Amino acid sequence: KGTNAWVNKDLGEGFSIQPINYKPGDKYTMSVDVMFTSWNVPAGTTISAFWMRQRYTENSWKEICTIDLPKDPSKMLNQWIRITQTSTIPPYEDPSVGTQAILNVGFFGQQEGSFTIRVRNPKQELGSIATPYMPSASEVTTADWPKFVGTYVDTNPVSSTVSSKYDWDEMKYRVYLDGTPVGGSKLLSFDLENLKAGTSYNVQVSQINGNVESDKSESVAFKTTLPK
Amino acid sequence: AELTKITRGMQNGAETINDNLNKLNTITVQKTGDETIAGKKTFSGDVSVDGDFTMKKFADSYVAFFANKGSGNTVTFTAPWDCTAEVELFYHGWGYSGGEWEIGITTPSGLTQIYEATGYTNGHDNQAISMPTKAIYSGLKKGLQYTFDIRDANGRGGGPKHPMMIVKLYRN
Amino acid sequence: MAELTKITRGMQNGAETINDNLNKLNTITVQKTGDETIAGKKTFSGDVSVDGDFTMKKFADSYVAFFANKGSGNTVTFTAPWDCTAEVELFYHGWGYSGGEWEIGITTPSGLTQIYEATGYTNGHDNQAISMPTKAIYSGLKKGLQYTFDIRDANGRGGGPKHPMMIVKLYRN
Amino acid sequence: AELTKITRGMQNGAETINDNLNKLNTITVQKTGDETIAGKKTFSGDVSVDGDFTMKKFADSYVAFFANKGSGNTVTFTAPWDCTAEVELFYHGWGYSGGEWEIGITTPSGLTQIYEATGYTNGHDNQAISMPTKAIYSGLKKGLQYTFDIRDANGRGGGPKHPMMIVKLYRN
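Protein chains in written order, with our numbering: chain D, 59 to 286; chain C, 9 to 180; chain F, 13 to 185; chain V, 9 to 180.
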């Protein structure tokens, strides 16, 4: 709610790690479910800088990682809208330049503007893809991960978006590449994909038995070959 | 300060360590540089300031003045804290049928009169001349009500005119 | 304030840089125990209490101020050094008009409140000056503002003054 | 504060880092919240207190009263700490064979008399009337002994009665 004003709510306590730890040029993807239960924004009143953003402060104000929220959801009220955005980490500023994380909106014009918003499953992840909702590393349990794996072969290089095209099995193993899970299998073998050339990696596997996960195996190290 | 726990096997170990080191570095009072410190700071031991010391409302929280408006003969007040009193009685008078009259200030029970300067007058019958009296009192306690009056040291009293007793309180 | 070296994933001497940062913080910080020496201008936002022995340099320069008129001794005119409480004493000597009554005090400047007043009375002894000191306490004096305390008359006629001297004590607020 | 060394290849690195961060967080004086600080804290630079400044035994530690009990004309004392003196001589007397007599206070070597209010008397032969004198003295030094007497400005002295000199000492 505001009249010729910027209205914000601090989101700072909801970011695991400070934005000055992110390497410039890396991508991070934000994903969130949003619902407007009330939208009271008159004729003269304009909505601007409506977003959830991590950014530099005094002097700079440059965005680090952000996601724009609907500027006029009046014709889509009481509906869950999924909103996604990939952000590229900007280059480091002077060390004197600070950061902040806020949910901001600006109401400008003659009359007061207000709305009520519901925010469900907010997510920020390293990468260029908004993958399924997951809690943080410190809050994640065995139950939170996919239970079944689907496979099919020989077709075009791109993968089907139809569940039925796959052969679905209950996963018996979880494969951890450098401490993070990257998939699993019913079989005693798994194919590690999308690795970068000439880099060292560590892999360890655990066994799944209906939300009972074994301790992780002894790690094994390998290095991808270099191309010509 | 609220630091994020560093555990074996954690994700984002380097950044959490970095953030925690940065948190500690920006929230702590350090042995160098200009700073601003918030919160109620109670020091158990001795404190010395070699540079310029500056404080707010000194005269209000250390100096207290209590005087009787309607009479100026006796001052009755409830001590705001532990203190040292400096009582002055601005008296004017004459001795009975001329001559000698010496005035002072009474010492209340639980108080010690450090020094006393009595106020003497002589001659000038039925005419009031200046004769101020002063005394220093130690060991005045918080909440304890005190009463300083006019005592007579030597001679007879003829009659007072325009008396006014003022109490300064140097907080202890 | 302290200069810490950034801890990043993949850095070379991680353990050793964490150790040096912990050691830096441990030696530069003011701690809740032991005797220490603290450099820099320290401004405290909140309340400060010293249970032990509080030491401050130049207390009378810092918190007390004395202003008096040398050439006349009846009218003290001064520019307040800081926010204060004034204690005005006028060391007067005189006699009432053709003998008799004369009562003297001190004027209250606009914006000031006279807490208490002890007037100076005299009687008889025509064309002979006898002691008649007057005192008053003033509150609400402000930094850099100019004030003027004079001799006011309460009751009776003035005959003539001799050796007057007004002294003003200023207890910093 | 004794922190446990963080070394390359140490067995409980994560646990020891957490521990050292926790040690530092609980032992340090911080720029926020209410706290209690032990030990003698010596400040090299300037110190300012915007809030309420509480002081234990201000009176005794910054104010000192010295007066002569047996005579009341000459106060002799050793300055507890470098300060500013406020000398008042509560005198009563008469000029020789009536008339004029003006009294003050002597300025000791190494001291500067800021202001002086002399005490005048006239007539009333062999009768002692109030004639108080006051003066302010700066540049008093720790440990050195001082002596304030009765000086005469103008006229002849007839005889004193009930004199009492009080010396207030504002630490500086």
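No residue lacks a Cβ here, since even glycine has one placed at the ideal position from N, Cα and C.
Give the DSSP bridge partners of residue i, in chain order.
i, result
"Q158 of chain F", "F:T91"
"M172 of chain V", "V:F98"
"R16 of chain C", "DSSP, once it has assigned bridges, lists no residue as partnering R16 of chain C."
"residue 216 of chain C", "Limits of chain C in this structure are 9 at one end and 180 at the other, which puts residue 216 of chain C out of reach."
"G170 of chain F", "F:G108"
"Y145 of chain C", "C:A93, C:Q121"
"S61 of chain F", "C:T50, V:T62"
"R184 of chain F", "F:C96"
"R113 of chain D", "D:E121, D:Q158"
Work out the CA separation of residue j and residue i for me, nearest whole Å.
i, j, result
"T92 of chain V", "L177 of chain V", "6 Å"
"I105 of chain D", "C123 of chain D", "21 Å"
"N26 of chain V", "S154 of chain D", "27 Å"
"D133 of chain C", "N81 of chain V", "29 Å"
"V71 of chain C", "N79 of chain D", "55 Å"
"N162 of chain C", "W102 of chain C", "13 Å"
"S275 of chain D", "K36 of chain F", "39 Å"
"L148 of chain V", "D157 of chain V", "16 Å"
"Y224 of chain D", "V216 of chain D", "14 Å"
"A130 of chain F", "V37 of chain C", "50 Å"
"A27 of chain F", "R16 of chain C", "14 Å"
"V100 of chain F", "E94 of chain V", "14 Å"
"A14 of chain F", "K147 of chain F", "55 Å"
"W89 of chain C", "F73 of chain C", "13 Å"
May I ask you to check if the CB of residue i is nearer than 7 Å to at least one heavy atom of the ligand GTP?
i, result
"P193 of chain D", "What this structure holds is no ligand at all, so the ligand GTP is not there to describe."
Between residue i and the rest of its own chain, which residues show a CB-CB distance below 8 Å, the 5 nearest in sequence each way excluded?
i, result
"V71 of chain V", "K176, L177, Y178, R179"
"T103 of chain D", "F165, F166, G167, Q168, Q169, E170, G171"
"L11 of chain C", "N28, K31, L32"
"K254 of chain D", "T282"
"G72 of chain D", "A159, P180"
"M139 of chain C", "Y99, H100, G101, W109, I111, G127, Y128, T129"
"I137 of chain C", "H100, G101, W102, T129"
Please state whether DSSP places residue i in a helix, a strand or coil.
i, result
"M63 of chain V", "strand"
"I116 of chain F", "strand"
"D126 of chain D", "strand"
"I147 of chain D", "coil"
"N179 of chain D", "strand"
"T29 of chain F", "helix"
"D68 of chain D", "strand"
"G102 of chain D", "coil"
"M134 of chain D", "helix"
"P77 of chain D", "helix"
"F66 of chain C", "helix"
"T125 of chain F", "strand"
"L153 of chain F", "strand"
"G46 of chain F", "coil"
"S79 of chain V", "coil"
"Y154 of chain C", "strand"
"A195 of chain D", "coil"
"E43 of chain C", "strand"
"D212 of chain D", "coil"
"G21 of chain C", "helix"
"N260 of chain D", "strand"
"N162 of chain C", "strand"
Leaving aside the five residues before and after residue i along the sequence, list all residues of the same chain whose C-beta is less than 7 Å from its C-beta, in chain order.
i, result
"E108 of chain V", "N130, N162, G163"
"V233 of chain D", "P239, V240, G241, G242, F248, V261, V263"
"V42 of chain F", "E48, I50"
"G83 of chain D", "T146, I147"
"residue 289 of chain D", "In the structure as shown, chain D starts at 59 and stops at 286, and residue 289 of chain D therefore has no counterpart that could be examined."
"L69 of chain D", "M110, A159, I160, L161"
Give me, in chain order, the residues of the same chain whose beta-carbon lies closer than 6 Å to that of residue i; leave out the 5 immediate sequence neighbours on both sides.
i, result
"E183 of chain D", "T87"
"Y210 of chain D", "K223, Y224"
"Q143 of chain D", "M88, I125"
- prompt: Is the region 32 to 49 of chain C touching the region 41 to 54 of chain V in the sense that three or more CB pairs, one from each, lie closer than 8 Å?
  reply: The answer is yes - the region 32 to 49 of chain C touches the region 41 to 54 of chain V, with three or more Cβ pairs under 8 Å.
task: Take every Cβ of the region 76 to 91 of chain D, pair it with every Cβ of the region 181 to 188 of chain D, and state whether three or more of those distances are shorter than 8 Å.
output: The region 181 to 188 of chain D and the region 76 to 91 of chain D touch, with three or more beta-carbon pairs separated by less than 8 Å.
message: Counting beta carbon pairs with one atom in the region 16 to 29 of chain F and one in the region 144 to 161 of chain C, are three or more of them shorter than 8 Å?
response: Because the criterion of three Cβ pairs below 8 Å is not met, the region 144 to 161 of chain C and the region 16 to 29 of chain F do not touch.
- prompt: Is there contact between the region 102 to 118 of chain F and the region 131 to 140 of chain F, where contact requires at least three CB pairs shorter than 8 Å?
  reply: In this structure the region 102 to 118 of chain F lies against the region 131 to 140 of chain F, because at least three pairs of beta carbons, one per stretch, are closer than 8 Å.
- prompt: Is it true that the region 114 to 122 of chain F meets the region 119 to 132 of chain C, where meeting means three or more beta-carbon pairs spaced less than 8 Å apart?
  reply: Contact between the region 114 to 122 of chain F and the region 119 to 132 of chain C is absent, because fewer than three Cβ pairs lie under 8 Å.
- prompt: Are the region 57 to 71 of chain V and the region 173 to 180 of chain C in contact at 8 Å, needing three or more beta carbon pairs?
  reply: Taking a cut-off of 8 Å on C-beta distances, the region 57 to 71 of chain V touches the region 173 to 180 of chain C, as three or more cross pairs fall below it.
message: Between the region 133 to 149 of chain D and the region 198 to 213 of chain D, can you find at least three pairs of beta-carbon atoms closer than 8 Å?
response: At 8 Å Cβ cutoff, the stretches do not touch.
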